[PDB]
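Before any comments, here is the structure.
Number of protein chains: 6
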Amino acid sequence: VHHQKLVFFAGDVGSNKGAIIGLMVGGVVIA
Amino acid sequence: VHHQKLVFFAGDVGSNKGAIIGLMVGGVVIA
Amino acid sequence: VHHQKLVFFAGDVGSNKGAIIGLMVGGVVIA
Amino acid sequence: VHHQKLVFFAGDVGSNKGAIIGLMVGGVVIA
Amino acid sequence: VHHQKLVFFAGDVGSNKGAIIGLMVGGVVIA
Amino acid sequence: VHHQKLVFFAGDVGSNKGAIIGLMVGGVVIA
């Protein structure tokens, strides 16, 4: 079992107002 | 079992107001 | 079981007003 | 020339991620 | 020339991540 | 020329992460 670089941004990101998540299994996220 | 670079952005991203997720298995995400 | 670099930003990030999360299993996040 | 209540929200608004504008005549808005 | 209450919110607003603007004539707004 | 209450919030506002502007004529706003 090997995970790596699940979400990757090679460039500039201007702004995040929402959610960014690698691995998600439970809980709650309201962005 | 090998995961890698599931979601990849080679350019500039201007803005995220929603969700970006690599692997998703459970839980809840409201963006 | 090996996790690494789940969410990766190779460039400049201007601003975060939301959530950024590597691994998520439980709890609650309101951004 | 009388203007009033051009945009009206009688209930609860959960979130705005775009533009809300009463009167618009010039300029530029991205949201 | 009478303006009044151009944008009106009678309920609770949860969050603004964009623009809210009453009268707009010039300039530039990103949000 | 009479302006009044251009943007009005009768309820509780949870959070502002963007712009809120009454009258706008020039300049630049990022938020």
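Chains as they are written, first to last, in UniProt numbering: chain A, 683 to 713; chain B, 683 to 713; chain C, 683 to 713; chain D, 683 to 713; chain E, 683 to 713; chain F, 683 to 713.
Idealized CB from N, CA, C, for every residue including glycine.
- Annotated three-state conformation of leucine 688/E is coil, per DSSP.
- Pairing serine 697/D with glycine 708/E gives a Cβ-Cβ distance that is not under 8 angstroms.
- Residue pairing by DSSP places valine 710/A opposite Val710/B, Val710/C in a beta bridge.
- Taking the Cβ atoms as the reference, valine 689/E lies roughly 7 angstroms from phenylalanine 690/F, within the contact range of under 8 angstroms.
- Between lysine 687/C and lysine 699/F, the beta carbon gap of about 28 angstroms keeps them out of contact (Cβ cut-off 8 angstroms).
- Here the C-alpha atom of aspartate 694/A lies approximately 45 angstroms from the C-alpha atom of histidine 684/F.
- Rounded to whole angstroms, the separation of the alpha carbons of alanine 713/C and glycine 704/C is 15 angstroms.
- Taking all protein chains in view, the Cβ of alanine 701/E is crowded by 16 or more other Cβ atoms within 10 Å, so the residue is classified as buried.
- Cα atoms of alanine 692/E and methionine 706/E: separation of roughly 22 angstroms, rounded to the nearest angstrom.
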